[PDB]
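Line order of the protein sequences matches chains B and A.
Heads up: the first sequence begins at 1 in the entry's author numbering, then just goes up one per residue.
Heads up: the second sequence begins at 1 in the entry's author numbering, then just goes up one per residue.
Ideal Cβ positions, reconstructed from N, Cα and C, are used throughout, including at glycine.
There are 2 protein chains.
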Amino acid sequence: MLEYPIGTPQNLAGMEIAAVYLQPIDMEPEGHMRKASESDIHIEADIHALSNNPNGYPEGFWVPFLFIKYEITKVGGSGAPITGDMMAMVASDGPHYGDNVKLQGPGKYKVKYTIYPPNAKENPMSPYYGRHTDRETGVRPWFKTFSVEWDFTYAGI
Amino acid sequence: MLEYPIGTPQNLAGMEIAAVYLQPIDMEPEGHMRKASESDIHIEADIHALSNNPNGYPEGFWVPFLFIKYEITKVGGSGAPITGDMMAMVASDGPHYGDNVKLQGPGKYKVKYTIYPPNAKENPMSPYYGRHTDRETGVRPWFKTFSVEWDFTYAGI
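Okay, structure coming up:
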């Protein structure tokens with residue numbers, strides 16, 4: 001299989017944050033993602049733990065229960081920025097955060113992800129995840145919400 | 001601190017299902033886990049992907065967004081079964097499903113876990129996790145809810 005990079009990964013808060021895209025996908029449950037026929041790409045945030053991750057993740061593990069918002073702006077650029085909220089999902093190459101997106105034609109785009117930890121009140125997965133805090137098995141506090149941004153040139157799949 | 005085994009792991013549906021326990025833990029958010037001072041153990045379900053996992057997980061990955069119910073019964077003795085729902089959480093050794101539990105003194109206990117996939121109606125994370133189904137990046141359907149059982153001897157902690 002082939003995927004396409006959006007810039008190069010950025011390392012922050014003990015995680016590698018990478019942006020990639022591929023053709024639009026189909027997902028179970030149906031009717032949540034924008035229809036593949038009405039989309040240009042499936043954009044993803046690939047987030048994995050670095051070595052000595054402060055929240056207890058072994059190096060390379062997928063970081064679960066995050067909430068990621070995105071804003072894609074065409075440089076530059078008559079249309080409104082493209083925005084959305086990713087969904088966590090599994091594919092044949094493992095779990096990702098992703099969304100089907102309709103772009104605004106070929107050209108240069110700015111991509112910004114805003115990444116919320118699993119204790120953020122804005123993150124609807126926060127009620128379902130915890131963090132040990134006892135001395136023997138506890139980990140460091142969650143990172144604070146942050147953003148990452150890249151530029152990429154979209155030509156079309 | 002010791003991590004005690006509950007039986008030996010069992011392999012089903014491309015996953016290793018293991019049961020272990022340790023001393024009661026403290027967790028953020030507070031007020032979800034039974035107080036550590038009012039508990040005997042923290043019981044865990046350790047679920048990781050085997051090779052050729054049918055849902056797309058690389059070997060060794062934690063299997064996320066499951067929902068686990070447990071039933072702990074003192075073998076052939078007085079006392080009702082002890083039931084509850086685990087919660088997903090991260091510790092210094094990575095993510096787990098777990099819960100703080102009060103037992104009924106030393107002795108032999110049966111431990112049964114009932115494991116619900118992300119698309120089960122009983123799993124509250126169903127609106128928050130998907131599975132690709134397109135030909136190029138799709139995976140096999142989720143497993144159906146199933147149970148696994150072991151027993152162990154509790155001596156104290």
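At a Cβ threshold of 8 Å, is residue 162(A) touching chain B? In this structure chain A extends from 1 to 157, so residue 162(A) is not present and cannot be described.
Quick one: what does DSSP say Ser147(B) is sitting in, helix, strand or coil? Collapsing the DSSP output to three states places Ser147(B) in a strand.
Candidates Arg140(A), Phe146(A) and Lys108(A): closest to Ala155(A) by CA position: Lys108(A)
Using a Cβ cut-off of 8 Å (strictly closer), state whether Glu122(B) contacts chain D. Of the chains in the structure shown, none is chain D; the protein chains are B and A.
Along the chain, which unbroken stretches of the beta strand (DSSP E) at least 3 residues long are found entirely within the region 54-105 of chain B? 67-75, 82-85, 87-91 and 94-101
By the criterion of Cβ-Cβ separation under 7 Å, what are the contact partners of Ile41(A) in chain B? Correct list: empty, because the minimum Cβ distance to chain B is about 13 Å.
Short of 6 Å in beta carbon distance, which residues of its chain neighbour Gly76(B), apart from the five on each side in sequence? Order them along the chain. none
At least 3 beta-carbon pairs within less than 8 Å: the region 1-8 of chain A vs the region 123-132 of chain B: no
Name the DSSP bridge partner or partners of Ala19(A)? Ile6(A) and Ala45(A)
Within 10 Å of its beta-carbon, does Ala91(B) have 16 or more other beta-carbons around it, so buried, or fewer, so exposed? buried
Determine which residues of the region 131-151 of chain A have a Cβ less than 7 Å from any Cβ of chain B, and write them out in chain order. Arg131, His132, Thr133, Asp134, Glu136, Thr137, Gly138 and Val139
Identify whether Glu38(A) lies in helix, strand or coil by the three-state DSSP scheme. helix
Taking any Cβ of chain B, which residues in the region 75-92 of chain A have a Cβ under 8 Å from it, in chain order? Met87, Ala88, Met89, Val90, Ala91 and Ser92
Can you tell me the Cα-Cα spacing of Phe143(A) and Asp151(A), whole angstroms? 24 Å
For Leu12(B), is the classification buried or exposed, using 16 other Cβ atoms within 10 angstroms of its Cβ as the cut-off for buried? Per the 10 Å Cβ criterion, exposed.
Residues that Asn11(A) bridges to, as DSSP identifies them: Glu16(A)
Please list, in chain order, all residues of the same chain as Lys74(A) whose beta carbon is under 6 Å from its beta carbon, the five residues on each side excluded. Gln104, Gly107 and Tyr109
Are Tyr116(B) and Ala45(B) closer than 8 Å when you measure CB to CB? no
Using a Cβ-Cβ cut-off of 7 Å (strictly less than) and excluding sequence neighbours within five positions of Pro54(B), which residues of its own chain qualify? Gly14, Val139 and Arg140
Around the Cβ of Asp85(B), are there at least 16 other Cβ atoms within 10 angstroms (buried) or fewer (exposed)? exposed
Measuring alpha carbon to alpha carbon, tell me which of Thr83(B), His32(B), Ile41(B) and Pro29(B) ends up nearest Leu22(B). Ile41(B)
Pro5(A) touches chain B at which residues, Cβ-Cβ below 8 Å? Within 8 Å Cβ-Cβ: nothing; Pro5(A) doesn't reach chain B, min ~16 Å.
Check the C-beta distance from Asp26(A) over to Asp134(B) and give it rounded, since I have them as a contact under 8 Å. Yes, they are in contact, since the Cβ atoms of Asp26(A) and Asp134(B) sit about 4 Å apart, within 8 Å.
Any idea if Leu2(A) is buried or exposed, counting beta-carbon neighbours within 10 angstroms, 16 or more meaning buried? Exposed, since its Cβ has fewer than 16 Cβ neighbours within 10 Å.
Beta-carbon proximity of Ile43(B) to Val101(B), cut-off 8 Å: Remark: C-beta atoms of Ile43(B) and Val101(B) approach each other more closely than 8 Å.
If we ignore side chains and look at the alpha-carbon of each, how far apart do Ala88(B) and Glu59(B) end up? 20 Å
Using alpha carbons as the reference points, say which of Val148(A), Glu149(A) and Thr137(A) lies closest to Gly94(B). Taking only the C-alpha atoms, the option nearest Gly94(B) is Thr137(A).
Enclosing beta strand (DSSP E) for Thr114(A) [first to last residue]: Where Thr114(A) is concerned, the enclosing beta strand (DSSP E) starts and stops at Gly107 to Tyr116.
What does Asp26(A) reach in chain B if we use C-beta pairs closer than 8 Å? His132, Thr133, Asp134 and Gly138
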